[PDB]
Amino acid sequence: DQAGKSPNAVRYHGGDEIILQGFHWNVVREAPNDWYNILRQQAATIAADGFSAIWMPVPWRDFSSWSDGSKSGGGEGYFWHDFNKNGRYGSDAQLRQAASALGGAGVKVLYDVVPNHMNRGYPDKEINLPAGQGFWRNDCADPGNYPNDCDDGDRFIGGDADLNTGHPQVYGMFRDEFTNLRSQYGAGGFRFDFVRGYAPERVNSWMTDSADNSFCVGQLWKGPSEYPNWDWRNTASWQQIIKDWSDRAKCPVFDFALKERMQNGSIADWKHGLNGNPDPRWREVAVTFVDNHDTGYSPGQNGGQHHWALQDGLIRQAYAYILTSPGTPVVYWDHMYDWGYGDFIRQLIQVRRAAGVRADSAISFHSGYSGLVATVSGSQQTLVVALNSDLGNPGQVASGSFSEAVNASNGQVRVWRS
């Protein structure tokens, strides 16, 4: 657990984390109020499985609800009303035991933080920010889902719940809460939600003031077509958009360029995500995932959100590639503990660890076979990865003595050098 910043000063924490997304969308529904006890009970497992960090759900209490026609939601944390740590996932006391047990087993706790907005109209809540005082986005003219004088980022839905995160007083509030999470809830890092809602520069602000040396990740989900026509990003690549954000916030960023290639291109096009980047400075800030709570399915209620879910026929291949490649991989809870991909994912974590693959290890792609075939230069071992390809032996693409590390789904997943 080497914990340092990247050459460009990005908060990647050594570049050797292996993160577990600690929850799915329907937990509040499936294990109402018992979520932190379940995690306290699994901390030992999570640690033994190889994770270095865990991404916790929003700690700020959410008692929102929404219906209209069979299909509901609420209380997951993205529409919180207070910094109180009560209900939905568990009590403040179970949170403390959860974090104390996780941290005690060597797993960092990363908190999901939601600064863009809050449940403004919730009755019984501890934070009350009046209108006309400049605390809210809507205190200014709001022409459209574009920055106004009261919010230097996009808005959430209508934008009636958007805070002016730039207001000294709204800024200091979040800053205090972050420090709080760190001194009393053992936070080891933060996962910023909806990063397009407020300046990236503010995220660096928050990290410098509260946990300068911790791990951070931002989720920027905004494609080129969502930027104005005159903006340079309207014609850039997904990777450029994502890297610019990282350059300014000084935090790694979820690799939405690889997610977009997993969803829209071929396995061969997977080399086009941030983590395939021939530049170490580019590749090393990527946070690769296969699915999260938004993009994927969740057990229970209506399959969850599944906004951009990867087909089950590519799950094994997706994990085999983020677990063996550069960037910092995230494993989805359900894949891991619900759906039975666990043993396969345990094998890969071991292989990543044994070859000493890290954020910045080099990777080269091999042109002449079908599927994706890559040579990943681990700091201890070289890996040869052949996904859905015709590659016959590792020696056809790399010099050296090789051993079968993984061999799954009728040869569709093959990884060599132990």
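All residue numbers refer to positions in the sequence shown, first residue = 1.
S.K.: Which is higher on mean Cα B factor in this entry, 159 to 167 or 275 to 283?
M.R.: For C-alpha atoms only, the mean B-factor is higher in 159 to 167.
S.K.: Got a sec? Mean C-alpha B-factor, which is higher, 115 to 123 or 181 to 189?
M.R.: Going by the record's values, the stretch with the higher mean is 115 to 123.
S.K.: Would you mind finding, among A318, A141, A249, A98, the residue with the largest C-alpha temperature factor in the entry?
M.R.: If I rank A318, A141, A249, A98 by C-alpha B-factor, first place goes to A141.
S.K.: Go through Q263, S72, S298, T295 one by one and give the residue whose Cα B-factor in the PDB entry is largest.
M.R.: Of the options given, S72 has the highest CA B-factor in the PDB entry.
S.K.: Based on the entry's values, in what third of the chain does the Cα temperature factor of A131 lie: lowest, middle or highest?
M.R.: CA B-factor rank for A131: highest third.
S.K.: State the tercile, meaning the lowest, middle or highest third, of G223 with respect to the CA B-factors recorded for its chain.
M.R.: Its C-alpha B-factor belongs to the lowest third of this chain's values.
S.K.: Grab the CA temperature factor for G356 from the record and place it in the lowest, middle or highest third of its chain.
M.R.: It falls in the bottom third of the chain.
S.K.: Grab the CA temperature factor for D291 from the record and place it in the lowest, middle or highest third of its chain.
M.R.: According to the entry, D291 has a C-alpha B-factor in the chain's lowest third.
S.K.: Taking the chain's C-alpha temperature factors as the reference, tell me which third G371 falls into: lowest, middle or highest.
M.R.: It falls in the middle third of the chain.
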